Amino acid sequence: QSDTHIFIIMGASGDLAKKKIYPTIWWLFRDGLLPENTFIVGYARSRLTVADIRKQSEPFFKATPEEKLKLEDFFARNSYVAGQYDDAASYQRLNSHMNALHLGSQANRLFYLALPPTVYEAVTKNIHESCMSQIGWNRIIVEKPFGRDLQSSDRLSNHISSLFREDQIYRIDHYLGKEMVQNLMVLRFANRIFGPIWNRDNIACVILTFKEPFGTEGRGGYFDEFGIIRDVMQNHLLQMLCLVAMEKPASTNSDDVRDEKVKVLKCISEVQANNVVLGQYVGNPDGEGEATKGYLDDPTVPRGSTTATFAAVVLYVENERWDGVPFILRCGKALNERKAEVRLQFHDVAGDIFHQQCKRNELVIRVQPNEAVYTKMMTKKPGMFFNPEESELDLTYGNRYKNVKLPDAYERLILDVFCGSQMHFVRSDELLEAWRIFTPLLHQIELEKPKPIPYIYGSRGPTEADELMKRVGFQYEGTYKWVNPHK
């Protein structure tokens, strides 16, 4: 209905807040998607005013001059409270400030933790002691739900769970807010053309890909603590794997869906080192600008670091649907393109009557850029020719839906929290299983410090990764030629 909502941005002065959260909540406000009675409260160490956080963040709002009236109305709904992250008195002031807003004691409260995770423990304790509505609901959004290692994450998880119910905790994986990632469920479960085919009798392998064309861009020091597997694979690619592999849920209820995601992960064995390839980028002497510098040429990165900037890992789901089908998770920085993508490669047809001219069908869901889905298949070569040739059936959102704005993942996810939908957020048991799967590998890496394989900035990464894909059953012939039609 028209209840009052308070959106509290913890860490309001920090960069996640100023470049992403404040702009996102502004976009939702200006499109009429928030409850009419919404207030925004910033909280952080510095002693700021609203005018300060406005000056600091409005640069990222992309505000047209036509939006000035709405922009005034948005900042009239903003306030700020200065406080330390582990000072009970500061949180008492925050709670009073909230109770002093229109219907504050009654309002629903939404706490966005846009802070360093080293402080999550203190902030969650203090929010739960001083700041919960006695009447409205209380939800917290946790931005980095993974710690460094199973033990440190698990203690943080038990801490949060001893205070907050699972239906109050919204753990972010921002890929779950992307257009095509959400589309996986509909593509799979709303269509018969993809149902009977979606199993080990027809799928030869699955490939989940994340590529960025830039390196650590002078901020390698923050990255070096994590490495590419923690940064991108254990969270984003594993989430994509679940959506591709899950059985059909009893309904689209949040917990029916997340049950099926967790069920998939429970059937994955711990990754074996024999199925892993690690890489680290070096500079391209023939490139320009940042491309000439290797990972180790960033002076914020410890000298000699063996941290991986590229990884390819093969996982198996041991259940009736997927037994033996390799899931290849492939990710890296400083590669040849920006791309995130899901690919299924189907088996050869049985009983070939075309004299080995057929290639394997593939289904591709491209998450970014240029959101698209397409299916690579065989058609009779056009013209006076009898023989088959690869082509595709295509849906490209930029052509087919020219005028439709696809929202940023954070717009969608923040809105889901106002709505009470946990479906696109990571559940505790999902987190635990992700840790189980990767922990032995990560522990072995930390102990043995293996030297990753060098690859040149701007390339596709270590050729060993392609050999790994080939070994487990992916085929690449390089004969497919695509010419853009809507050009």
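In this text, residue numbers run from 1 along the sequence as written.
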Legend entry - Comparing 430-438 with 50-58, the one whose average Cα B-factor in the PDB entry is higher: 50-58
Inset, instruction - Higher average CA B factor in the deposited record is what I'm after, so tell me if that's 331-339 or 389-397. - result: 331-339
Inset, instruction - Name the one of 99, 254, 118, 370 with the greatest CA B-factor according to the PDB entry. - result: 118
Legend entry - Top Cα B factor in the deposited entry, candidates 259, 416, 298, 166: 298
Legend entry - residue 158 - Cα temperature factor, lowest/middle/highest third of chain: highest
Legend entry - Chain thirds of CA B-factor: placement of residue 345: lowest
Inset, instruction - Can you work out whether the C-alpha temperature factor of residue 364 puts it in the lowest, middle or highest third of the chain? - result: lowest
Legend entry - Record-listed C-alpha B factor of residue 222: chain third: highest
Inset, instruction - Among all modelled residues of this chain, ranked by Cα B factor, put residue 128 in the bottom, middle or top third, i.e. lowest, middle or highest. - result: middle
